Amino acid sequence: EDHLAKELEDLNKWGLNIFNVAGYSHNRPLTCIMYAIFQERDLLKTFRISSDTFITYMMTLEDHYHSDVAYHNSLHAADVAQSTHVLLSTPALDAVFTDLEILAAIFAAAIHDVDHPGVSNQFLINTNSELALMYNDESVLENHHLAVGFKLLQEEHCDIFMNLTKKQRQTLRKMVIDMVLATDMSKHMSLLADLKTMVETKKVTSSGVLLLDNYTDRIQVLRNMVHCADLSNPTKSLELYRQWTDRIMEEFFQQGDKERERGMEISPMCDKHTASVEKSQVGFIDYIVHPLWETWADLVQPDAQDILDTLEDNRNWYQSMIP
């Protein structure tokens, strides 16, 4: 109600508590936060999208995330979308992207885990699930999330890119596909090397504004920018990071419980009788989150310093939660 408005004063800030907005939106953060972002960047105006259209798409999209799934529900889509919108406002990337590119980034972030079943690519491959067979075991869920996001834009009343050029809509679909595929954890390490080499060639202007040559350079930053938004939980306030931990931990144990019935080998971080939730978070920050965010901060320094502090802080709170 009036509390929703209060929370959207932080739409442009990293400090947005998305759990709160979900509460003041009839349990619909992704719609809310998507509407709120597009209005804020005038994307509805710049791209001839009717609110009527945009709302019905987002609602249908949002209803396609499983609400009975602990982490990969509509709330997480809403959060990557909002994070990506903050990251896109980072000073070291000012006016570096076209609005077409900006529009592709956020939309990507929003459909990026759509219709996620609560289990891993590995589980679906090992169980011979229909999705694995449909997708020949390569970036399975990521391919799917994309398939669904775009299948909904085919229904006339739902196509939000309907008033986009044919050239532009194609450039979009190509950028969006590229980005969602980049959120596959198995491509993480190679994608980290790509960001590292790019940082060693970091060219800018006098104003601490990076210079990107063509597509290759601009879609790589956007690739990694979404990837970091997806792995942004350990850089948020402590109060929101633990809520996110409990949510992913609960999805992972429930995956463990399905792996046990089946008598498949359980994946240690998915084992609810052996796994330290605390150790799981420390390693995730040491081997995955920090190396990424260190390189991102290097790319945009000093824009991400505040974020790196909080990362190394939360990290040590979790270290302390161990005997």
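The term rigid core refers to the maximal set of C-alpha atoms that superpose within 1.5 Å between the two forms. Residue numbers run from 1 along the displayed sequence.
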Completion exercise
Core superposition done, the stretch whose Cα atoms deviate more in 8 other deposited structures of this protein, picking from 285-293 and 263-271, is 263-271
Completion exercise
Returned stretch for higher CA RMS in 8 other deposited structures of this protein, core superposition, given 254-262 and 29-37, is 254-262
Exercise for the section: Report the stretch with the higher mean CA temperature factor, choosing between 236-244 and 150-158 on the basis of the entry. Expected result: 150-158
Fill in the blank from the handout: Assert higher mean C-alpha B factor (29-37 or 292-300, deposited values) equals 29-37
Problem - Of the residues 50, 46, 280, 255, the one carrying the largest Cα B-factor as recorded - result: 280
Practice task
Tell me which of 124, 133, 181, 104 tops the list for C-alpha B factor in the record.
Solution key: 181
Problem - residue 251 - which third its CA temperature factor falls in, relative to the rest of the chain - result: middle
Handout entry: Among modelled residues of the same chain, the CA temperature factor third for residue 144
Key = lowest
Problem - residue 172 CA temperature factor, ranked by third within the chain - result: lowest
Completion exercise
Quick tally, chain-level thirds of C-alpha B-factors: residue 261 sits in the highest
Exercise for the section: Using the B-factors in the PDB entry, rank residue 267's C-alpha atom against the chain and give the third, lowest, middle or highest. Expected result: highest
